[PDB]
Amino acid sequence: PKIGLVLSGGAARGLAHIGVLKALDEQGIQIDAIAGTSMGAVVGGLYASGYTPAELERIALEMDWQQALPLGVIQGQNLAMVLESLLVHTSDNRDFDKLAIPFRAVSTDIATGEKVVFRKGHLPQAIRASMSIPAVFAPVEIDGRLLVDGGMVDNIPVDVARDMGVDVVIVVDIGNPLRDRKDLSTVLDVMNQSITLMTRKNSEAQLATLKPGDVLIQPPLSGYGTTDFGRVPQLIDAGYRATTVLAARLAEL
């Protein structure tokens, strides 16, 4: 049976995906397709390009997050540079099905609200577009479309993975926790909260489509902030432990 891996969108919490990967390889579970949004697209796409979970863990641990003309523009440039540098070996690739593992990334066309699925082109640019959280990174233009992260239209792209032809999906949902009324002090917070609501709705809808055979992994991440990169060890381990406890069920694949 063909196994697809769906990595949900997010920021810091998405580092938990590394853990999941580390556990999957440890259990000898072969992935035939990967679909991701934002940090799910980053981790999943780097993995799909040929990186090992150990390498991704190392990269995450040695990364200077705090460090990485409008601020969103600058940070967008930095994002692009880091991704391009990490994915230099895919320079001559154009077909995402021809990566080490077939890959899809998800963005939102900010002009129309349409879901945009990347299956071809330049992998670092697709990942960057999918990672382009509003108010953190400036929108990216690809093929005449202005694109932001896919979170607001398809944060958990189960059906994208299924469209890649797999029979079963392993779905990792890192969650998108709402803020308390004490953490909604500024306009930015209100806007971001609205986006969070949107994201949660489409995420719930996609999760409702899971069927017998599919495996849902929800790493224990209560208390972890969206921009909390000071706890990378715990983030990775949370994803790892949540997948390890399911080894009995995963083994049936």
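Start at 1 and count along the sequence shown; that's the residue number.
S.K.: From residue 68 to residue 69, how many deposited residues does the entry skip: none, 1 to 3, 4 to 9, or 10 or more?
M.R.: 10 or more residues lack coordinates between residue 68 and residue 69.
S.K.: When the C-alpha temperature factors are averaged for each of 202 to 210 and 180 to 188, which stretch ends up with the higher value in the entry?
M.R.: Mean CA B-factor is higher for 180 to 188.
S.K.: Mean CA B-factor: is it higher for 94 to 102 or for 69 to 77?
M.R.: The deposited B-factors put 69 to 77 ahead on the C-alpha mean.
S.K.: Out of 196, 27, 49, 38, whose C-alpha atom has the biggest B factor in the entry?
M.R.: Comparing C-alpha B-factors across 196, 27, 49, 38, the maximum falls on 27.
S.K.: Determine, from the deposited record, the chain-internal third of the Cα B-factor for residue 61: lowest, middle or highest.
M.R.: Top third by C-alpha B-factor.
S.K.: Name the third of the chain's ranked CA B-factors that contains residue 133, choosing lowest, middle or highest.
M.R.: It belongs to the lowest third of the chain when residues are ordered by C-alpha B-factor.
S.K.: Lowest, middle or highest third: which one holds residue 54 when the chain's residues are ordered by CA B-factor from the entry?
M.R.: According to the entry, residue 54 has a C-alpha B-factor in the chain's highest third.
S.K.: Would you mind ranking residue 17 by its C-alpha B-factor against the rest of the chain and naming the third, lowest, middle or highest?
M.R.: For residue 17, whose C-alpha B-factor we compare with every modelled residue in the chain, the answer is the lowest third.
S.K.: Going by the CA temperature factor in the PDB record, which third of the chain does residue 166 belong to: lowest, middle or highest?
M.R.: Its C-alpha B-factor, which the entry lists for residue 166, ranks in the middle third among residues of this chain.
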